[PDB]
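Trainee: Attaching a single structure in structure tokens format; questions to follow.
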Amino acid sequence: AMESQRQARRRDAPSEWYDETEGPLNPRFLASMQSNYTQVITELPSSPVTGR
Amino acid sequence: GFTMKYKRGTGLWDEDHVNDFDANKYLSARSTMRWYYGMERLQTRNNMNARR
Amino acid sequence: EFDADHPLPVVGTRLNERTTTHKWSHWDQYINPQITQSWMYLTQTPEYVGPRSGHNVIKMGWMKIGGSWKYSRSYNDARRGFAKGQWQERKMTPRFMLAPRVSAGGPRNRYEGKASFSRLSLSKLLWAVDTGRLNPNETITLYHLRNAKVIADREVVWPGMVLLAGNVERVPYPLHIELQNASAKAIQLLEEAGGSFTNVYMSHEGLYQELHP
Amino acid sequence: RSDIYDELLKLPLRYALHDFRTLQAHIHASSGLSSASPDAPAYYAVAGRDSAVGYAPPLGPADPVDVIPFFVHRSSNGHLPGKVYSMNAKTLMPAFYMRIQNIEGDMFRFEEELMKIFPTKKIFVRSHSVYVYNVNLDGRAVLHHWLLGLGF
Amino acid sequence: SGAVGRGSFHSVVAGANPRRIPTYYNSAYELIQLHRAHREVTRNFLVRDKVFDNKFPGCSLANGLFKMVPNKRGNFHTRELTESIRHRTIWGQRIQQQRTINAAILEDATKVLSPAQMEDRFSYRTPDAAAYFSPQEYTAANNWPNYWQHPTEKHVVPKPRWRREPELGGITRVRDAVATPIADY
Amino acid sequence: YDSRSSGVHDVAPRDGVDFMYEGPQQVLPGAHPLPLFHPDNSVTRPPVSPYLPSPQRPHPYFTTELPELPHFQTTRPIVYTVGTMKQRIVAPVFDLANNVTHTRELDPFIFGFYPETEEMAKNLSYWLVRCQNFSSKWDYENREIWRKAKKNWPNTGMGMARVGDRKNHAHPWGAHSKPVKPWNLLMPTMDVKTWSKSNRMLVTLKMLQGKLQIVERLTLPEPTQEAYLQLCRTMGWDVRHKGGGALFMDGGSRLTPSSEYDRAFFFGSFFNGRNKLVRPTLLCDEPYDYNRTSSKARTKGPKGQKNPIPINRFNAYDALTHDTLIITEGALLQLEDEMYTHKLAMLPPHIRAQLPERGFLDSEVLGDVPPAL
Amino acid sequence: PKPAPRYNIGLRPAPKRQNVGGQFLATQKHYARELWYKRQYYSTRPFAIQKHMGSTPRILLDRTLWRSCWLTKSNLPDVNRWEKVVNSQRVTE
Amino acid sequence: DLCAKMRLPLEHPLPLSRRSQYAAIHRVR
Amino acid sequence: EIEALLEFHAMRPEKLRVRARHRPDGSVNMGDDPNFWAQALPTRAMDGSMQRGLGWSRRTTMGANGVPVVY
Amino acid sequence: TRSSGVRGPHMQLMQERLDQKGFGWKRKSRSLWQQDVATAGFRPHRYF
Amino acid sequence: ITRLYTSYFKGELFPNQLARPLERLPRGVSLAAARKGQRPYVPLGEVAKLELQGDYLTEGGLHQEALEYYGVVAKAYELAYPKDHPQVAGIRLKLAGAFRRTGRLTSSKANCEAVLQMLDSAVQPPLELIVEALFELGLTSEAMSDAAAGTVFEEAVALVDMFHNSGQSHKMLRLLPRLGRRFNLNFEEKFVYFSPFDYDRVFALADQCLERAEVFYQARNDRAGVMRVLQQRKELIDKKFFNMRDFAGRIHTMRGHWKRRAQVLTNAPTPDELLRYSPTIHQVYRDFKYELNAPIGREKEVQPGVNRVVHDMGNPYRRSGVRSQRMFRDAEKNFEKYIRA
Amino acid sequence: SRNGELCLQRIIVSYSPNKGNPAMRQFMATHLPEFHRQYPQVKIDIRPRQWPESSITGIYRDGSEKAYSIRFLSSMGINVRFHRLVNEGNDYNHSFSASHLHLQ
Amino acid sequence: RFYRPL
Amino acid sequence: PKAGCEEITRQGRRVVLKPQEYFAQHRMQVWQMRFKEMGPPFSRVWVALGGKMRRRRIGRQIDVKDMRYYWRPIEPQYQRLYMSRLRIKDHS
Amino acid sequence: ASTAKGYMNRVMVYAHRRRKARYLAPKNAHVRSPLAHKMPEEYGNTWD
Amino acid sequence: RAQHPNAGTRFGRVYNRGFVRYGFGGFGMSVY
Amino acid sequence: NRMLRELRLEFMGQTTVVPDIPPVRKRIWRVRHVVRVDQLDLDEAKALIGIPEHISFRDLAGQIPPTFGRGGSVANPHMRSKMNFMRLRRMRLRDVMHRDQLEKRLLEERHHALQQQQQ
């Protein structure tokens, strides 16, 4: 059943939770959320994420 | 004397309503196997005792 | 510093050079729970200073341990404990013996069968009925009062209760009760608002079968 | 009581209080029916609508523009968080302190509104509560006439 | 016995109870102690059927019997379990009875003036309930426990100009210049 | 103090690690302006959380529903009691294969109960006492010594000590007068009223610290231990003795919740490392002390409650010694179920009367709703 | 309700029967020093030989005591080789 | 005293709803 | 005065006997003074600390009929 | 009046066992057929 | 024993008397970088007494007479200290505030615009000055009936909202309510309060600039501005109050535990330098080349040394007999399948 | 300080980068990088080791040394004990008295 | 119980 | 081997849990009949009857044969003595 | 002189008790004397 | 023995040189 | 000793400046054998400290605050310690009556901004 909805998640890039103006993202977690996308996620710059 | 005998099996698990003051902070690998095997024993050690 | 170019030296005192590492107070852990990192950070209530550490000798403050026992002549004597089975008053005709025996059982004695009720103030019962613990429709017998946690086990001892119109100048809705010995005002309060009060006065055998039917 | 409510209506308190008359749960079929909506169809009332004891839901905020910085919850049984314990009950000492136990928010912006009430009672703040000392069951009555005025 | 509105047999005196069907009551607290009581009777049947699953082979030799002596289980079923069903049934009536009245109230009331105001006349919408249910809507108070993060007080916490450090291993590291602390007197 | 003003140090750098301090820009290992006795960064004990716990973020989790994942609302409808966080929580639950499947919203009463140290201390001070080996604290008593009960020399005229029947605690063969026996040691009575609070303010702390991890199923392919380290290796948990462990509250899958652990995992969870499979609950029954005053004069026992919390419930000690917490949804279903009627009984009345309107008291015994899971 | 006497439990080793202290305080037994190595009062700290009081030691080095005396035969098997923990492993350098 | 001050003809027992003369009317003031 | 004769003569005696260790004013009625074994006004130990310290008015003290209560 | 009062339904009724004499229930003890093993023996009011 | 303080009683020692550091603007920042975004023997002992006597005159209301004193101090100060000095910028600042009382706004603003060009050119100016430096310039701007540019007050605080550690002011004073151990005599020591309008001058000014910014918009009738003055000002005071917050310690009277004072008067990070430097955000750089472990993957970065043989898990049951070591056999070979990469 | 040049050379700082008592780890981030600016000619070396030899110890250019216990001692105190090292020269021990007001 | 007899 | 090395090998009597007392022991009956404690919280007199009310009446003063009839408090010096045996229930 | 650590710790060489508050009146209590409980000007009143 | 603080010299009695002369009265001791 | 206490004199060598009002004249009289007095006419005091002749002293004192060192002498060292307490409270309230007076003005403006918003 869940695959019906998981594959109804077009987002090949992270949503706007991928913001970190509040506080830095967690590198461990991204590696666990890389599966749900196509573009790379873990690669975070030295600066706070801009959003793209 | 009177020791709440109507509570021995009327717990939700096996380790409940059995007063065992002999505990420890960190029960190790085989002290935990010794523990779980212990609660059930004096739960079946008691029963088949009381059945015989 | 009168001038910034001559900074005042750091030559510490017994109020700086002798300190200790800041343990985390219950505020610093309330602000930033990112620091309570081990169970040695769950220190006790601030009011609990620690275990007893001194001899509260009477007539002389609280002495330290290892202190002087020149003045504990009566602490070594108030640690044995009060005389047991012995008149407290050594001389002077004990104040109890001076007063006369009254009412051969006592001034407020409870014999087997005394009619001493626990007081259920009407304000309590009226407070509940609006709060919603008690249903105003169903004649509110003591089962409802007990099971709705209006009154606990430690207050229903035979015989059940007594309704007391405490400061309740008015009861607004028709209220029905089956309790034991309402006070005459409490009766004339329910009876004015179209209610009832049929005082059940059950034996103890009836007190059980009403609470655990 | 109105007599106490002045000693709050006189204070220089931010977060103003409800006017006294509109703070009252105590005031046309037959000169108007009772409060708890017993309507004309043979008088069906609604259970928690009238209370002769003085219980009622919180009246609400003081004024819409302001945001109160503390929130004092109610107990599981309805009444308010003020409790007057005693110093050293074991010796039956008649020297009492209060305890405001069920509050959340910033107690300091709450306790900084008790100070303006009791400019002379030692008030201490803790994580859960707010101890105010040397204030007995009449101070318990001053609080609730305030925690009602604040609208909680 | 009382325990429901039927009146205990102590209406031996023929105490009637007129002016009835008078109150709509949502049975709030009673439905609570029903879900509490319904949990017990199920949490009791779980016990009355405990049967040895000895995950160990030391004392596996009873893995078919119940965990309670036949005479005791034959008692506990009758002492505590079947009692808890009656105690569950009691709330299952004090509510099924009170609903019957509400079913009658909510009809004779819906008519008179409005089918819109009706479920407002019978409501309990305190102005603050947004505090307890949907706290995102509530503004009129600051009821967070971590109050310094309420949107009207977020301006307390400082927003550090942080940064990562790949030379340290991707550790985040604040770029605040520490203020030289006080030292002596 | 301040004695030993010399000889404590060698005037020589160990030719290996030792090193001068280069400058203010030098980032020294371990250095930090806060007094931390467990200086852990995010590479040693890395938090399993979407974001790192920041003062800005009220909690390092999805405060909102993220669009690219199935959202599963709580098993029970939610209300925000006195202490709760008044902020929505959404914790993503992890597939066994380390993938992140659907995100699940947590209960703001169990996992939203903000911490306050002095009310988990009542939990810790209970554990650091309940977890003694009371029966070990025996000690010989004056009477229990078996020596002559008769003065062999009555002290009459010479300079012998004013002592006889020397079986008291002064002499190297004696025993105490008021010794420490187990039946004289208090096991503290711990209420469910505060055990629940003292568990909820921790399993929130383990959420605010961002060490909270939800797993779909804690099941192994086979019951061998090696399959449980292989599982930990994919999930990244550190059950090594030194690397902070893991606290599994095994409740089973999302649709098959169960209290008795998955027999597969239970046998596989016997690794010598740092891990502790605890029971999926936070409550425990009312305490009772049948030997309240002295009734049973032969019990060995401690004094106090004769129904101590067992060793494998969720306590404060093993909650702070184990960094990461690993809850299956099959436990979340049990925790929300067992605390529902408790969460509701604590709301104030002007709220409690609003529940049946908002759909909180749907009682499957009356049939107004099909039975919940 | 009334919270337990942590007294000194989990931190430090048991105190020794002071003048003061409740009945619930579990001191140490008669004729048993609270500090194992202080056989005298000036016996100095053993260098790398700790006694593991409390639970079963998580990682028992060969050179620490566990319900036992010190045996130059069994405690330090080879005096030239010297152990430690590395990644939770009892290695010997 | 209560009936006269209210200009009411005397009544006794003066039931408790009538007593507290509709909130003890405050003697009109 | 006629109203007071009754309000004093329809009180059960126990409402008049000495009833507390602290006389309504705050003193501590010890024994040996037969006058002070009569405590007409009932004392209230836990009540009244707002008066005389916070500048609370004397208007609050008084009861509904005007006569002051004591604390 | 000394022994006056309303006694409980199981208190010793006024002058029970006394038989009209001061502390007379003691004098009537030797008259008892057989007493218990712990029966109102000697007890001079010392620190009584 | 009640004291009288007639004969000289030497001052008591108390943590409210520390030598706090004068608030320096950080290193890599200069004034205008933010402002354009918006010795010889000189008897300084004689002029310090003189420059003080100017204050008492400008505080009393003899402004013209205080002008002539500050002149002298503005002459001895520019002789002792070199160019660009901060203190020589302090006196030609109050001097510029001395003209404005006496209407000479032609030199007041001019002598006050020069303290900026004397403060910016510096390396690390005191943020106590540069916030007054343009608070004055704000007032003399308006005193010239310049109604807008007199509201650089907004930019006066536009530093202290950025570059002011609002917690360094009460770092040591925050914890004094714990030093009291008495409750019913000598108990004012549990309520030791020090107003931030004494122990913080850069805060006071910041409160006073915005207050003057409230009345400049009160006349100009800029109600959208008077709010962003007030809603700014309250967020300035409430975060300063926030750094004085702490929960009460033991409330009743404690006895004897006098060594506890080594725990109260310490480096208690104020709730500003706590939320700011939280360990999770500001992470502790831990280099495993000094430690004795690393996460599973990195098991080769650790403390190096001479030959190491990995024996086994240091499991304690290796000291038992043989039937205990026949168990525990397949422990280690299972543990390598847990640390292999 | 003698003829403008300090009489102290090294300040040995033995600490543990991970173990406990952060006083030192808490000092090397707050104070030490600022005491490093006033007295840069002091060769502060630090010693990460498992059992921290808890004593600060200055090695004066006269060859002599002076230690200082830092057991249980907070950062602000360690700051002082640092400035207690750069001040004294460890060159003489005189009772401040009558015969010792004028050294020579 | 058997009460402590003193 | 350590406590006495021969006193602990040969065995004497072993002590066990010590039975408690009647934990309403100190409301003894020479007060449950003589006095009665009246009063609101935090003020409990122990009012006691007159001293001379049964022994010698003929010839005593006319207005002092009745001071024996009032429920007088017992002076607090005895209130604290008798109520001391009751406080001990849970000291500290 | 001989001042030693504190107000009221003056001369400390005479053997009087410092910290004794000589100003405060004696608690004469039970003792019978004309000097009882009287402000010193009322000493001549030996009739009350 | 009446052991009360304030009944004599607080803890025992000592003869420092400021006492052996300048006793109570200034004359001051009978011995020493 | 009581008179000396009412002259602010306990230790030998202490010194105070008391007025010549009548009830001081007795206090000094009783202890004449203890003190060493000196009298100054007020003009001989207005010059001992350089004072203009026109300024009286009931305007010089009307300037010093009444809370000078050891403000009051209340009836016992407790009442002293609750006279210094509240003095350290009316400081707290002085900043708190300050911090809301900022809010009450912003609140009365947020009302007018809202009110006039609809017009």
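Just so we're on the same page: first chain in the structure tokens is A, next is B, and so on; residues restart at 1 for each chain, and ligands are numbered from 1 in the order they show up.
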With chain A as the partner and 12 Å as the cut-off, tabulate the residues of chain K that qualify, each row holding the nearest pair of atoms and their distance in Å to one decimal, using only C-alpha atoms, sorted by chain and rising number, as CSV.
Mentor:
residue,atom,partner,partner_atom,distance
K:276,CA,A:23,CA,11.4
K:278,CA,A:23,CA,11.4
K:280,CA,A:24,CA,9.5
K:281,CA,A:23,CA,7.4
K:282,CA,A:24,CA,10.3
K:283,CA,A:24,CA,11.3
Trainee: Output the contact residues of chain E with respect to chain D at a cut-off of 6 Å, based on only C-alpha atoms, as a PDB file with C-alpha atoms, in the first residue's frame.
Mentor:
ATOM      1  CA  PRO E  22     -34.146  18.269  31.863  1.00  0.00           C
ATOM      2  CA  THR E  23     -30.414  18.188  31.085  1.00  0.00           C
ATOM      3  CA  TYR E  24     -28.233  17.573  28.068  1.00  0.00           C
ATOM      4  CA  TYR E  25     -24.974  16.102  29.366  1.00  0.00           C
ATOM      5  CA  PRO E 127     -12.293  31.084  23.944  1.00  0.00           C
ATOM      6  CA  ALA E 140      -3.479  35.397  23.275  1.00  0.00           C
ATOM      7  CA  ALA E 141      -1.159  33.793  25.843  1.00  0.00           C
ATOM      8  CA  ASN E 142       2.388  32.436  25.957  1.00  0.00           C
ATOM      9  CA  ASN E 143       1.873  28.914  27.231  1.00  0.00           C
ATOM     10  CA  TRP E 144       4.970  27.225  25.892  1.00  0.00           C
ATOM     11  CA  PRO E 145       7.217  25.648  28.501  1.00  0.00           C
ATOM     12  CA  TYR E 147       8.789  30.279  26.448  1.00  0.00           C
TER      13      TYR E 147
END
Trainee: Would you list the contacts of residue M:5 as a PyMOL selection string, taking every protein, DNA or RNA residue within 10 Å and counting only C-alpha atoms, but skipping same-chain residues closer than 4 positions in sequence?
Mentor: chain N and resi 19-22
Trainee: Set the cut-off to 8 Å and count only C-alpha atoms: what are the residues of chain F that reach chain G? Output as an mmCIF file with N, CA and C atoms, in the first residue's frame.
Mentor:
data_model
loop_
_atom_site.group_PDB
_atom_site.id
_atom_site.type_symbol
_atom_site.label_atom_id
_atom_site.label_comp_id
_atom_site.auth_asym_id
_atom_site.auth_seq_id
_atom_site.Cartn_x
_atom_site.Cartn_y
_atom_site.Cartn_z
ATOM 1 N N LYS F 122 13.779 12.373 40.716
ATOM 2 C CA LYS F 122 12.918 11.466 41.513
ATOM 3 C C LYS F 122 12.868 10.104 40.828
ATOM 4 N N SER F 125 17.068 9.031 41.345
ATOM 5 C CA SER F 125 17.320 8.674 42.736
ATOM 6 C C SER F 125 16.582 7.408 43.120
ATOM 7 N N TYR F 126 15.501 7.092 42.421
ATOM 8 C CA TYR F 126 14.831 5.827 42.666
ATOM 9 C C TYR F 126 15.631 4.674 42.088
ATOM 10 N N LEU F 128 18.989 4.529 41.217
ATOM 11 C CA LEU F 128 20.245 4.354 41.931
ATOM 12 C C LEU F 128 20.053 3.801 43.327
ATOM 13 N N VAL F 129 18.818 3.619 43.773
ATOM 14 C CA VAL F 129 18.533 2.956 45.033
ATOM 15 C C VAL F 129 17.900 1.598 44.814
ATOM 16 N N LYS F 137 23.979 -6.295 51.499
ATOM 17 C CA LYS F 137 24.331 -5.318 52.515
ATOM 18 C C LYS F 137 24.151 -5.854 53.917
ATOM 19 N N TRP F 138 24.202 -7.165 54.082
ATOM 20 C CA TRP F 138 24.221 -7.753 55.404
ATOM 21 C C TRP F 138 25.451 -7.291 56.178
ATOM 22 N N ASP F 139 25.450 -7.573 57.478
ATOM 23 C CA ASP F 139 26.571 -7.272 58.357
ATOM 24 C C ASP F 139 26.295 -7.905 59.704
ATOM 25 N N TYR F 140 27.335 -8.427 60.337
ATOM 26 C CA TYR F 140 27.144 -9.120 61.601
ATOM 27 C C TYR F 140 26.663 -8.160 62.674
ATOM 28 N N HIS F 169 31.314 -3.994 69.103
ATOM 29 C CA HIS F 169 31.908 -3.497 67.870
ATOM 30 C C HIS F 169 33.249 -2.809 68.056
ATOM 31 N N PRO F 172 38.431 -6.303 67.333
ATOM 32 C CA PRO F 172 38.620 -6.825 65.975
ATOM 33 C C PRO F 172 37.934 -8.142 65.708
ATOM 34 N N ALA F 175 31.057 -7.053 66.310
ATOM 35 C CA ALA F 175 30.084 -6.643 65.319
ATOM 36 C C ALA F 175 29.326 -5.457 65.872
ATOM 37 N N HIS F 176 28.570 -4.811 65.001
ATOM 38 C CA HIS F 176 27.946 -3.557 65.363
ATOM 39 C C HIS F 176 26.839 -3.764 66.386
ATOM 40 N N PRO F 179 23.585 -2.611 63.338
ATOM 41 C CA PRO F 179 24.261 -2.912 62.084
ATOM 42 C C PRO F 179 23.332 -2.667 60.914
ATOM 43 N N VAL F 180 23.876 -2.848 59.721
ATOM 44 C CA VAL F 180 23.111 -2.695 58.496
ATOM 45 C C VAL F 180 22.667 -4.073 58.036
ATOM 46 N N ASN F 184 16.456 -3.647 57.052
ATOM 47 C CA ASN F 184 16.498 -2.300 57.596
ATOM 48 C C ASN F 184 16.823 -1.269 56.535
ATOM 49 N N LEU F 185 16.847 -1.660 55.270
ATOM 50 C CA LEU F 185 17.147 -0.752 54.180
ATOM 51 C C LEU F 185 15.881 -0.466 53.399
ATOM 52 N N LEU F 186 15.640 0.809 53.140
ATOM 53 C CA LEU F 186 14.393 1.257 52.546
ATOM 54 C C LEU F 186 14.480 1.170 51.035
ATOM 55 N N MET F 187 13.613 0.372 50.434
ATOM 56 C CA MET F 187 13.387 0.479 49.007
ATOM 57 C C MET F 187 12.285 1.498 48.786
ATOM 58 N N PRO F 188 12.519 2.549 48.014
ATOM 59 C CA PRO F 188 11.597 3.681 48.029
ATOM 60 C C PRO F 188 10.329 3.381 47.259
ATOM 61 N N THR F 189 9.209 3.843 47.798
ATOM 62 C CA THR F 189 7.934 3.739 47.102
ATOM 63 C C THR F 189 7.875 4.788 46.002
ATOM 64 N N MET F 190 7.590 4.322 44.783
ATOM 65 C CA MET F 190 7.602 5.136 43.541
ATOM 66 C C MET F 190 6.215 5.113 42.908
ATOM 67 N N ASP F 191 5.540 6.258 42.871
ATOM 68 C CA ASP F 191 4.145 6.327 42.369
ATOM 69 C C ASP F 191 4.094 6.258 40.849
ATOM 70 N N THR F 194 4.267 9.825 39.269
ATOM 71 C CA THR F 194 5.557 10.467 38.938
ATOM 72 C C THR F 194 6.480 9.541 38.151
ATOM 73 N N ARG F 240 28.968 -1.068 20.720
ATOM 74 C CA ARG F 240 30.242 -1.255 21.391
ATOM 75 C C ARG F 240 30.137 -0.726 22.811
ATOM 76 N N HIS F 241 30.964 -1.264 23.701
ATOM 77 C CA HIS F 241 30.913 -0.822 25.089
ATOM 78 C C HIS F 241 31.200 0.664 25.212
ATOM 79 N N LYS F 242 32.132 1.169 24.415
ATOM 80 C CA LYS F 242 32.547 2.550 24.590
ATOM 81 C C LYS F 242 31.691 3.497 23.764
ATOM 82 N N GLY F 273 27.840 -6.085 24.278
ATOM 83 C CA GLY F 273 28.057 -4.656 24.279
ATOM 84 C C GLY F 273 27.127 -3.868 25.171
#
Trainee: Would you compute the distance between atom CA of residue C:12 and atom CA of residue E:183? Give it in Å to one decimal.
Mentor: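 That distance, rounded to one decimal, is 7.7 Å.
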